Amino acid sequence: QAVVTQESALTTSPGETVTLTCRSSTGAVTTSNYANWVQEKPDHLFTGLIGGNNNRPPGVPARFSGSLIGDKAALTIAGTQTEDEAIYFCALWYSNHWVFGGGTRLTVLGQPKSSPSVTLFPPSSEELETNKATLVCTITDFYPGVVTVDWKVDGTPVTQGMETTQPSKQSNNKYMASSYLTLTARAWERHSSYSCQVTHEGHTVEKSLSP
């Protein structure tokens, strides 16, 4: 069947006008393709933006408009807002089936800067009875969503046992992430100082632990 192509990702600053395109591999996109646009927000939440006749659902901002520009479908956002950061999908009708495009991730720059809030948790007693020991380092309320996590055992850098999540959005549009340090019950008994160093925007904030 037909492949519907969209730009992979676009980056704007607030107030800018952007045009996302939706192209058909079998020819020109026409009104008989009834181009729809859907918005995906963090935590896999989808909401309709534009309908088959360039109509907006009640409550969708007037800055979003759908159209046909030459041989392709388009979504114009007239004055990009911070809340418009999302993935945009178009869908084209082909007589007896719909086909979604690959999606356009829109990133909106210039949002308020915020440093991370770190919390280091010691392993549970109920965990040590299974002869396992995991240290949890929770990273909360940071913007931009880019962070490096470094672990230390008595000041000595750790090799294995560490696994870190890629940053995802919180309910307040800032980012969160977590980092683990899986160790053995005996290795936990030997060493005394444990440090979770979280580096964000060249700055480092750390939380230490001692049994």
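Residue numbers here begin at 1 and follow the sequence given.
**Student:** For the higher mean C-alpha B factor in the entry, choose 43-51 or 25-33.
**Tutor:** Stretch with the greater average CA B-factor: 43-51.
**Student:** 102-110 versus 67-75: which one carries the higher mean Cα B factor per the record?
**Tutor:** Averaging CA B-factors over each stretch, the winner is 102-110.
**Student:** Which is it among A62, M162, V38, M176: the one with the largest CA B-factor in the entry?
**Tutor:** Of the options given, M162 has the highest CA B-factor in the PDB entry.
**Student:** Ordered by C-alpha B-factor within the chain, which third holds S210? Give me lowest, middle or highest, please.
**Tutor:** Within its chain, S210 is a highest-third residue by C-alpha B-factor, going by the deposited values.
**Student:** By its CA B factor, does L20 count among the lowest, middle or highest third of the modelled residues in the chain?
**Tutor:** According to the entry, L20 has a C-alpha B-factor in the chain's lowest third.
**Student:** Which third of the chain holds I87 when residues are ordered by C-alpha B factor: lowest, middle or highest?
**Tutor:** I87: CA B-factor falls in the lowest third of its chain.
**Student:** Taking the entry's C-alpha B-factors for this chain, is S95 in the lowest, middle or highest third?
**Tutor:** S95: CA B-factor falls in the middle third of its chain.
**Student:** Which third, lowest, middle or highest, does the CA B-factor of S124 fall in along this chain?
**Tutor:** Highest third of the chain for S124's C-alpha B-factor.
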